[PDB]
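Positions of Cβ are backbone-derived with ideal geometry, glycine not excepted, and every protein chain shown enters the neighbour counts. What is reported rests on the model, the rules as stated and the sources as named; no laboratory read-out is quoted.
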Amino acid sequence: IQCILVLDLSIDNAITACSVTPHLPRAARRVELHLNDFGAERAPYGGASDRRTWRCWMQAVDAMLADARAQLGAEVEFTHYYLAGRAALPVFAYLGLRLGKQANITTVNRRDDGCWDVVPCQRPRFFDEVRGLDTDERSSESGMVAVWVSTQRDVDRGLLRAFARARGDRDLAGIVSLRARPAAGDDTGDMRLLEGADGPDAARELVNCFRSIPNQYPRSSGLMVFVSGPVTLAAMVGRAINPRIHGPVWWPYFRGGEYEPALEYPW
Amino acid sequence: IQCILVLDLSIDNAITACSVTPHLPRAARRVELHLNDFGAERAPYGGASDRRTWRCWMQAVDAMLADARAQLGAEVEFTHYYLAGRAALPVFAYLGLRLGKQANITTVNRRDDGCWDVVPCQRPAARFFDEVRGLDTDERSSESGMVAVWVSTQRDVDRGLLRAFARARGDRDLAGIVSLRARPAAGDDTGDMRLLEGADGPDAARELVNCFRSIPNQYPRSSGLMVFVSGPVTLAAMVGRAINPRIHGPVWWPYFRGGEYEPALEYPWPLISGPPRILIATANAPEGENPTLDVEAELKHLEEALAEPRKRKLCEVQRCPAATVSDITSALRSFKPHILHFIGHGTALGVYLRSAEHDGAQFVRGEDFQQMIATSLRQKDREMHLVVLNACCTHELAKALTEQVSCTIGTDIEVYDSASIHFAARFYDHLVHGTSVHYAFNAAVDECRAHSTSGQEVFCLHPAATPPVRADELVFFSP
């Protein structure tokens, strides 16, 4: 029982569910949905240019999810979800938060070399650097937490300082960075590959990090999440966040070497 | 030729030079110097509480070294240094850093059982730190920031405490962790500690020097050091010897108290921690004023020279518009400012604050204002560096505030003929451009004299064993 959500918003290289199906297992029931069927108009390279378009995409994702659960009916606790499409990382992160951690989430993305990576977020050390939380004390500074999750780029904290300055929140509560170094002997440079074997383990590590965050920073009042890498990571990080504990949550967009604000739940 | 530098810094059972003397070899000339009579207040168990006491101890050590050099003269070539006393470990580490690797030093210290260890750090004419971690690895990180170093003979390295202290200080960065715990030999009665005797003194000193010289190759793009000495004072002196401040830079020696570390001694002494805090206190109309003191224009000048988004990021300017006695006491007891800039009138006995519910002047005398400042300077970690009394005839109060506040700027009689507005606008502009207080004050008063009809010297700077910080090195904003 599968319900594919194809997040097609790129004008350049769009994919339809027809590219998703040959890598999916056998389906007793299959549901097709695209985001373009719900009023979210397309944008270049999967990223919007205005706050209005980001809000339209947010409400369109909400409408997609409402239609998906209404069409699936009562077996929505039996549906193994699948994620694909080519849009920005904040959109995948927002959908991953909206589904929550209980649902079965699998993400299909296409690599740089034609291999199609299918990766589950649950079962049927990846993050070598875990810093900002591996101390023992409890911070007393109010503000908002900036979380850097990436697989290709080490943390440049000055960008986080400048982005926090840009949005009026003059004080960040703390910086947490989770990054995977590539294994020795791998020829991928600074990038750590994300196969299907190492998916649920990294999902579990992200889960263990994200509700241990208020243990380390109980004084804080929100989360900024900065994501660099594949969209599987974006949906993975979205699945990790619990909005009732951590809210509000921000996902900014990286354009032109600078960070621009993209999605804020609630709006 | 010997120079006993005894560090008597403990209110309880202490050590004088007469106690040290029988354990050291005979010599022709002996210079005995105590840290106590160089302006150092003693503390419980040799561990200072307030940050001002640590700074006073630093300056006392520097003055004691200077006087030792002055007493020895040209005989500083053939001088053997002997260190003793009952002080905290960071003080010994700082003395060892100021003496450097090119000085014949030797620590003497009484054990638990009354045996007097004599530990020379140099060879006269196996691995002590057998467990070394962070260097033998090929973990040559290029990450920026500080480097934590754990040197101990008793307690094994705890990464949580080091990162806890570093995040508490706010420096959100460690390039790595280095530990040099010295495991005891097999079957010795000491248990979990290793005895540091004069037999394995120089070998331990050499191992420490090799470690601290191989740090910058391992962590190339690092910034400073964070040294956590845990053992006898001889080890602290050796560790201080091994560090070269020119290679590394900012070196910190946290103090252990109550199961955690506290900021105790840093060599390039950051006399303001974090952003400086400036308090503006306004008052006018003392019922007989020269017609109107435009406090609004003065605040326009101070805010146009004291507001850009980046230097409002670099400093907090809290004002107290039309303040009272209670308002200023609350501001001094909550904001904890470093710069007090009062704007208002005043007589020979000074400040006329805006009064209570009767809107007017509550004439507050100079001794009451000085007592207010002194009372606000009783909380922990509190030093006010600059009090600017932009008022009338406030020369004696600015003279008498020098023993509470390091540098003060007062006025003679210019009762606002618009020949003093040039001062406040350019003075703070010179501060926020990275200049010292002395140069800024001189430049501003030269601008005020040129705008005058005569030699108007309308403002006067009143500066002040362990002397306070002088106006020539008092700088607030980093360039």
Options B:314, B:293; residue that is within 14 Å of chain A (Cβ to nearest Cβ) and either under 28 Å from residue B:430 (Cβ atoms) or surrounded by fewer than 17 Cβ atoms within 10 Å (Cβ to Cβ) (or both): B:314
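Condition test on residue A:158, is it within 14 Å of another protein chain (Cβ to nearest Cβ) and closer than 13 Å to residue A:226 by Cβ?
Numbers: within 14 Å of another protein chain (Cβ to nearest Cβ): yes; closer than 13 Å to residue A:226 by Cβ: yes.
Judged against the criteria, residue A:158 is a match.
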Residue B:147 being out of contact with any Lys or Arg (no Cβ under 7 Å at 6 or more places or on another chain) and among the β-branched types (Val, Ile, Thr): yes
Residue A:217 being surrounded by fewer than 20 Cβ atoms within 10 Å (Cβ to Cβ) and among the aromatic types (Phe, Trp, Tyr): no
Residue B:472 being assigned to a helix (DSSP H, G or I) and not basic (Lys, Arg): no
Any hit, the stretch A:136-151, residues being of a type in the set (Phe, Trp, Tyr), farther than 23 Å from residue A:246 by Cα and surrounded by 14 or more Cβ atoms within 10 Å (Cβ to Cβ): no
When residues of the stretch B:45-93 are limited to those that are among the hydrophobic types (A, V, I, L, M, F, W, C) and surrounded by fewer than 16 Cβ atoms within 10 Å (Cβ to Cβ), the one nearest to residue B:273 (Cα to Cα): B:66
Residues being surrounded by 14 or more Cβ atoms within 10 Å (Cβ to Cβ) and out of contact with any strand residue (DSSP E or B) (no Cβ under 7 Å at 6 or more places or on another chain) - total across the stretch B:22-42: 4
Residue check for residue B:348: among the hydrophobic types (A, V, I, L, M, F, W, C), more than 14 Å from chain A (Cβ to nearest Cβ) and not in a loop (DSSP other than H, G, I, E, B): no
Qualifying residue in the stretch B:202-211 (condition: of a type in the set (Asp, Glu) and within 14 Å of chain A (Cβ to nearest Cβ)): no
Qualifying residue in the stretch A:187-199 (condition: within 28 Å of residue A:24 (Cα to Cα), touching a helix residue (DSSP H, G or I) at 6+ places or on another chain (Cβ under 9 Å), small (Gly, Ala, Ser) and assigned by TED's automatic domain parsing to the domain that holds residue A:151): yes
Tabulated pairs, the stretch A:181-203, first more than 14 Å from residue A:105 (Cα to Cα), second among the small types (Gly, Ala, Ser), C-beta under 6 angstrom, 6+ apart or interchain: A:192/A:180
Which listed residue is surrounded by fewer than 20 Cβ atoms within 10 Å (Cβ to Cβ), touching a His at 6+ places or on another chain (Cβ under 8 Å) and within 26 Å of residue B:479 (Cβ to Cβ), from B:425, B:440: B:425
Those residues of the stretch B:163-193 which are away from chain A (no Cβ under 12 Å) and out of contact with any strand residue (DSSP E or B) (no Cβ under 7 Å at 6 or more places or on another chain), in sequence order: B:182, B:183, B:184, B:185, B:186, B:187, B:188, B:189, B:190, B:191, B:192, B:193
Scan of the stretch B:134-155 for residues that are within 25 Å of the chain's Cα centre (by Cα) and more than 14 Å from every other protein chain (Cβ to nearest Cβ), ordered by number: B:147, B:149, B:150, B:151
